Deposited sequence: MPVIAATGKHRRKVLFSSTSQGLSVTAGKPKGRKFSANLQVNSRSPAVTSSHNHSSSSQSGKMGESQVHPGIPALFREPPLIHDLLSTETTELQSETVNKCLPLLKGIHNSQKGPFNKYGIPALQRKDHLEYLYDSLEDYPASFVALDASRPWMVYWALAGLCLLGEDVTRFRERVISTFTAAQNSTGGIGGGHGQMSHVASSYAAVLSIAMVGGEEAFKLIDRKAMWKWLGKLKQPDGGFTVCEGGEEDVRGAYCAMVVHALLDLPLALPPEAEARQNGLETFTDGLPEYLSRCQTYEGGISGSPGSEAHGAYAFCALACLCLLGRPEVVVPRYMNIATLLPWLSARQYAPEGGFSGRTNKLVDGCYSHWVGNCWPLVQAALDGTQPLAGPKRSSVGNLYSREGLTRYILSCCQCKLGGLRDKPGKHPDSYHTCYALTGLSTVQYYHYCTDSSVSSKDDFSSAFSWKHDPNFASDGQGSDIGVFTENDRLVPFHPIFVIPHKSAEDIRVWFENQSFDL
């Protein structure tokens, strides 16, 4: 197809003589991707657009996502502690593809009622201790289905008390009592905190108060700053290796603390963060890797991809009711997702040679959606308060499908257009707005 640039049809120009495991894996990945990028693999379905890219197989992915909400055989026992995640990934994927998930309200309520602990928070299921990731997943799922009845399911005060137990003296959060402390924990905790409009102050008997801390955000951006590495990226805990997944968690968390152009440059060195984030993207694959010298992966279309609207807002500043534009290749990412990450029977995958799963389906679609919109923060918030005010001022305009060549073009078709997602909350803007506004108008339980 003449609409496919040489950049996506050939290996890189520079090649070292030395062969190691790293280059062996990288070479194999490029070789698997090439026939798909070229659109000549027999597993691919059309129609192919003027850029030589297959359509998003909406019907196939819809069927996959609906099936993923039903029953699994005993072999899936490894997912037992992650059942709330499975609900979220499917609902998110369905929302992205334009489905009304209102009809799942009752089933969502039934699922999470059993998983909520009386001492507060939500765990992986009945008898499992509360965990920030399962609470995050449950809250976002509840946000998507909406309704007063789903909102009322959560014990707000208990959630607040439990989350208070996770606050650590160094400013971060553990994922559960006795569990690991990483920036994933901080991000999940603060999203739950923001969407439910929990009190900013720590519970009066929180252990962290013995360490001089008074609020959930005390010491937090400092903790996140200590997770930046010499590479410019952000690691899971201080001293660990920079990784796209933790870069998203850290940046999203910072943007929950204030305006991106204030908080991000203050706590992160953007001069090192920017090139490291840029370096996540490979050619000819087009997709993002998670860390230096490892492989592209469709889920980083979200983790790395959604770092970009946050960083770009930090550079542009708040828009009142001039931009640096997109600093990555939207064409490349779109080619990787649509040409390489679609499974013929439905669902999306990490990379060619991998089976699809609902996690990779959710995040590849989330990344595809982000390239289709201009996401920016404004001076107009749907929040009636000032805490997380900037986080609820995010708005969106469509970035329409392009014609011809260019450095920043939309190579998806308009038939491929997905619903926009909030870059921090990873749900539709209206869903995040509705849940936050509802809780803001509820008095805190006694």
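Residues 1-68, 390-394 of the deposited sequence, counted from 1, carry no C-alpha coordinates in the model.
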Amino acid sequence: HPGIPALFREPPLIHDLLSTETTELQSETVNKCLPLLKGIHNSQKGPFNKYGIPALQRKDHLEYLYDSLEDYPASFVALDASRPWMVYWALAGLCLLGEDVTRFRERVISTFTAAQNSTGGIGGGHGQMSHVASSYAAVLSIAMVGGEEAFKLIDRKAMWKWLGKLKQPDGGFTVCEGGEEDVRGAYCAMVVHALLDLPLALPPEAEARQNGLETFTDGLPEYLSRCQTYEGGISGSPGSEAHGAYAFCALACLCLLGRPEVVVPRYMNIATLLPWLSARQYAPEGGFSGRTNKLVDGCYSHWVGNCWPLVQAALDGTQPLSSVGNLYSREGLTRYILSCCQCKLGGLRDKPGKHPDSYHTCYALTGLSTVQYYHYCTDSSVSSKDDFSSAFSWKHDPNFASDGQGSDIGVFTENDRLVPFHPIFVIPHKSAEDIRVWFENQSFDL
From here on, numbers count along this sequence of modelled residues.
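A summary of the deposited B-factors shows that, of 139-147 and 236-244, the stretch with the larger mean C-alpha value is 139-147. Looking at mean Cα B-factors across 306-314 and 118-126, the upper value is held by 118-126. Out of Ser225, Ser278, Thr292, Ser75, the entry records its largest CA B-factor for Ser75.
Residue set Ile435, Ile424, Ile14, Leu25: peak C-alpha B-factor at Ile14 (per PDB entry). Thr361: CA B factor in the lowest third of modelled residues in this chain (values from the PDB entry). In this PDB entry, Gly298 carries a Cα temperature factor that places it within the lowest third of its chain's modelled residues. Among the modelled residues of the chain, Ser329 sits in the lowest third by CA temperature factor in this PDB entry. Annotation for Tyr376: CA B-factor lies in the middle third of the chain's modelled residues. When the modelled residues of the chain are ordered by C-alpha B-factor, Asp71 sits in the highest third.
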